[PDB]
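Protein chains in written order, with the authors' numbering: chain V, 7 to 88; chain X, 1 to 142; chain C, 26 to 237; chain W, 2 to 130; chain J, 2 to 167.
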RNA sequence: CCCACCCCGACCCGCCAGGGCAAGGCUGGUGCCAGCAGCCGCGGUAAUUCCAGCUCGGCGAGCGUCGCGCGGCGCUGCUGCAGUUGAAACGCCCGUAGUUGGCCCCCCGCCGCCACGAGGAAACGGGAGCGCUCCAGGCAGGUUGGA
Ligand SMILES: [K+]
Ligand SMILES: [K+]
Ligand SMILES: [K+]
Ligand SMILES: [K+]
Ligand SMILES: [K+]
Ligand SMILES: [K+]
Ligand SMILES: [K+]
Ligand SMILES: [K+]
Ligand SMILES: [K+]
Ligand SMILES: [K+]
Ligand SMILES: [K+]
Ligand SMILES: [K+]
Ligand SMILES: [K+]
Ligand SMILES: [K+]
Ligand SMILES: [K+]
Ligand SMILES: [K+]
Ligand SMILES: [K+]
Ligand SMILES: [K+]
Ligand SMILES: [K+]
Ligand SMILES: [K+]
Ligand SMILES: [K+]
Ligand SMILES: [K+]
Ligand SMILES: [K+]
Ligand SMILES: [K+]
Ligand SMILES: [K+]
Ligand SMILES: [K+]
Ligand SMILES: [K+]
Ligand SMILES: [K+]
Ligand SMILES: [K+]
Ligand SMILES: [K+]
Ligand SMILES: [K+]
Ligand SMILES: [K+]
Ligand SMILES: [K+]
Ligand SMILES: [K+]
Ligand SMILES: [Mg+2]
């Protein structure tokens, strides 16, 4: 949601994205951050148009190479892999 | 932790501070007591004395000039000082027996600018303020 | 008029992008200064020259002199920027500094000290910054307190839209470029700190992504 | 030798989360550490934990969800009158609106908001935010 | 001793820390233009009288809404700030005190009140008329330009019945 | 007792500056001399700094100079400094006083600790209420009050 006025209105200019792996906020000028999306076939081995899954990764998780395993673990939780 | 901690170490924390306080030159100058002894004015704002001589003093390296000053004997402790006379043409009011009120240059006993060995300055001559003598507001007798 | 050299600048020319906060939300670089100038038409930005320094390179025949200029921009309502430029002539150095200042715009998050009545009026919470040997602490302050900072820091805090702030500076702050760099870095981290207001999980919907 | 088990536990947890780990083991355990983790849990900063017995000083396994900016202890445990709490709030905490200073009082372990809700003092043991 | 040794006295203004700052140097003379201020001290006094009422509120706001100190002193502060007209009725929250400026204090001077009701063409003419005992407050002749007029006593500001302008 | 204040009647600035720190720039004289300059620096016969004239700046019935305390100063550091190379880890081991010491039983006693009371001085310091015409004040006042 974000910060609220005393009455109940969000006085926040924008909401940063959160990492799908480490829950950290992305922030502007973090140019190593990537958002990417997966097909989610569901239909006899063929994809369905404009129906994807989409994750995001901050630069800290990439700078050490943690994404190859964390992305796989995230995929095994959404029924896209095993 | 490079400093002692612990709930019962107040005595040590106080002893350390008492000992290391003396390592600062400012604190040691203002609190030891040797500067008060050696101070010609004896810890006062100003002091009066009689002129014993008139002198000229060379400036330091990058400047070139002859500064004008007077050797003064102090009334209250009979010490020898030299005091500077500012303000163009002012050395002409200083006869060889002229009670002078003398104050400091600032910097609390350090030499200033380009005058070697000068820490004091004349502010009054034979009862009359030297600045007002320069500005032509009062005049000496004769 | 200007013809974009980048796909983002080509997208901005049409009605594709509605505000800067979408470009910050998916954090992409901005390579043309008229992308910035399209969102802030004609002097909602304040531009002030902090410093001009003369630098010398020693050479067989004599010293070579150039100038380095430091420039800050902002809109008084939540955007700040800081650039630098080097050139033979002062005018070109200042021109380069102003361009670099426009390409470094960042958003600044504000909040409430104590009472949450009106608009956010101080920093959202404590902020810290480092540049060179300089370190800075921005501390939230009540209403009417003002901007309690050095005159160098107070201008950056004024352009940023922060009404009330306390400040502490450590290191050799007489070095003006590192002072402004530290304050800029402190403002730039304001949207990367997790607060409980932001804990709630969300779904990413690729339909809105500007597709890099 | 080992003196402050809570300090080592909190350093280990902060390291593990800064890496981006899901779980972390801290040993030894103690009553104070369990009270501190219970308060952190109830505020929502950590997930489940488990104390595993070994007929010695046990171990603890802590589950992490990336909400901890920092956690530390204050040594020694200075005592605080009821009216000095706020002079500590603007010292350790990033704001006056979120964060927690943990006190031990004769009415148990509790954060500072409840300490001024019951208008009492105690001794400071640590903080998280 | 003598009895006079037991009399109190106090300074009522604070001078700024950096004297030679340009933006507040000209901001400080726009104030001397919009009000017939004699010298900078009358600005300093004003800021000093703000700096105390700002210190009180921030002390109570750190407290809890149900403590007796808040309930007693904040009510006293608000009741005093509403009579002088430095603060208006619609803002009866202790948090509305913090956003106060000096201009609010300067607007309740007698020199300012008589200008508002147009008894004087300008503020300088107003100061001159004040010194000439030409104006009364509630039937009482007041000689002080810096006089602070309560909202009770602002219906009743006139030229004095004894006067050469009557 | 006289006077000051109040009431009624008739007459009637100055002190420091102007290159930077730090707000504010043309003519004459002097030519490393006289002098200035807290610190950077200025002056060698074209001086944004000396001595003057004009203009302009700051505070103002008050301004400048000297000395000291506090602040500046996280350059004394409990909060809160530094110790590879800038000043700074004893050549090393043992070891008393001192400081510090894992985890565990709850619901007793004795410390510490937290809270609330009792008891003792006012003035000062905060602070409720009150138009000495305002004010520094004072404890006033129009059934009252000095909480
Ligand atoms: K150290
Ligand atoms: K240290
Ligand atoms: K030590
Ligand atoms: K102990
Ligand atoms: K020491
Ligand atoms: K006349
Ligand atoms: K007359
Ligand atoms: K007359
Ligand atoms: K001069
Ligand atoms: K000095
Ligand atoms: K200096
Ligand atoms: K200097
Ligand atoms: K000449
Ligand atoms: K100091
Ligand atoms: K201090
Ligand atoms: K300090
Ligand atoms: K250290
Ligand atoms: K040495
Ligand atoms: K040495
Ligand atoms: K050495
Ligand atoms: K050693
Ligand atoms: K030793
Ligand atoms: K030894
Ligand atoms: K030993
Ligand atoms: K031993
Ligand atoms: K021992
Ligand atoms: K012992
Ligand atoms: K010790
Ligand atoms: K001990
Ligand atoms: K030990
Ligand atoms: K106690
Ligand atoms: K307690
Ligand atoms: K008594
Ligand atoms: K009665
Ligand atoms: Mg200090």
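Heads up, the beta-carbon is just placed ideally off N, CA and C, and yes, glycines get one too.
### Task
Select from the stretch 22–45 of chain V all residues with a C-beta closer than 7 Å to any C-beta belonging to chain W, and list them in chain order.
27, 28, 29, 30
#### Entry: N- and C-terminal bounds of the alpha helix (DSSP H) containing residue 88 (chain W)
86–93
#### Entry: Coil, strand or helix - residue 221 (chain C) by DSSP
helix
### Message
Is it the case that the stretch 125–142 of chain J contacts the stretch 190–208 of chain C, given that we only count it when at least three CB pairs across the two stretches are under 8 Å?
### Response
no
### Query
Whose C-alpha, out of W:122, W:99, W:98, is nearest the C-alpha of residue 109 (chain W)?
W:122
### Query
Where do the N-terminal and C-terminal ends of the alpha helix (DSSP H) with residue 126 (chain J) fall, by residue?
124–132
### Message
When you compare the CB positions of residue 55 (chain J) and residue 101 (chain J), do they come within less than 9 Å of one another, or not?
### Response
yes
#### Entry: Enclosing alpha helix (DSSP H) for residue 86 (chain X) [first to last residue]
Unbroken run through residue 86 (chain X): none, as it is neither H nor E.
### Task
Could you tell me whether the Cβ atoms of residue 111 (chain C) and residue 89 (chain C) are closer together than 9 Å?
no
### Message
On the criterion of 16 or more Cβ atoms from any shown chain inside 10 Å, does residue 7 (chain J) qualify as buried, or is it exposed?
### Response
exposed
### Task
Examine chain V for any beta-carbon lying closer than 9 Å to the beta-carbon of residue 122 (chain W), and answer yes or no.
no
### Task
Would you mind telling me which residues of chain C sit closer than 8 Å to residue 32 (chain J), beta carbon to beta carbon, in chain order?
Residues of chain C passing the Cβ test: none, with the nearest at roughly 17 Å.
### Proximity test, residue 123 (chain W) beta-carbon vs ligand 32 heavy atom, cut-off 8 Å
yes
### Task
Could you round the C-beta distance between residue 126 (chain C) and residue 97 (chain C) to whole angstroms and report it? I think they count as a contact, below 8 Å.
6 Å
### Message
Could you check whether the Cβ of residue 2 (chain X) sits closer than 8 Å to any heavy atom belonging to ligand 1?
### Response
yes
### Query
Are residue 196 (chain C) and residue 158 (chain C) close, meaning C-beta to C-beta below 9 Å?
yes
### Local Cβ density within 10 Å of residue 25 (chain V), reported as buried at 16 or more and exposed below that
buried
### Message
In this structure, how does DSSP classify residue 23 (chain C) when only helix, strand and coil are distinguished?
### Response
Chain C is shown only over 26 to 237; residue 23 (chain C) falls outside these bounds and no answer can be derived.
### Residue from C:56, C:160, C:149 with nearest C-alpha to residue 11 (chain V)
C:149
### Message
Using a Cβ distance threshold of 8 Å, determine whether the stretch 107–120 of chain X contacts the stretch 26–38 of chain C, with at least three qualifying pairs required.
### Response
no
#### Entry: Beta-carbon contacts of residue 86 (chain V) that lie in its chain and below 7 Å, excluding the five residues immediately before and after
44, 46, 59
### Query
What residues in its chain sit with their C-beta under 6 Å from that of residue 134 (chain C), if we drop five residues either side in the sequence?
149, 215, 216
### Task
Taking only the alpha-carbon atoms, compute the straight-line gap between residue 41 (chain W) and residue 47 (chain W) and give it to the nearest angstrom.
6 Å
### Query
Near residue 4 (chain X), what residues of its chain come up, given a Cβ to Cβ distance below 6 Å and the 5 sequence neighbours on each side ignored?
12
### Task
Flag residue 85 (chain V) as yes if its beta-carbon sits less than 9 Å from any beta-carbon of chain C, otherwise no.
no
### 9 Å Cβ cutoff, residue 132 (chain C) in contact with chain V
yes
### Residue from X:17, X:108, X:26, X:57 with nearest C-alpha to residue 40 (chain X)
X:108
### Residue range of the beta strand (DSSP E) that includes residue 76 (chain C)
71–82
### Query
Got a sec: is the Cβ-Cβ distance from residue 19 (chain V) to anything in chain W below 9 Å?
no
### Task
Tell me, please, whether the stretch 60–77 of chain V touches the stretch 23–41 of chain V by the rule of three or more beta-carbon pairs shorter than 8 Å.
yes
### Query
For residue 126 (chain X) versus residue 95 (chain X), is the C-beta spacing smaller than 9 Å?
yes
### Message
Along the stretch 71–87 of chain C, where does the CB come closer than 9 Å to a CB of chain W? Name the residues.
### Response
none
### Three-state class that DSSP yields for residue 155 (chain C) in the structure shown
strand
### Task
Could you name the residues that DSSP lists as bridge partners for residue 66 (chain J)?
DSSP lists no partner for residue 66 (chain J).
### Task
May I have all residues whose beta carbon comes closer than 7 Å to any heavy atom of ligand 4, sorted in chain order?
X:6, X:7, X:8, W:77
### Task
Can you check the stretch 142–213 of chain C for any beta strand (DSSP E) of at least 3 residues that lies completely inside it and give the ranges in chain order?
152–156, 159–165, 190–195
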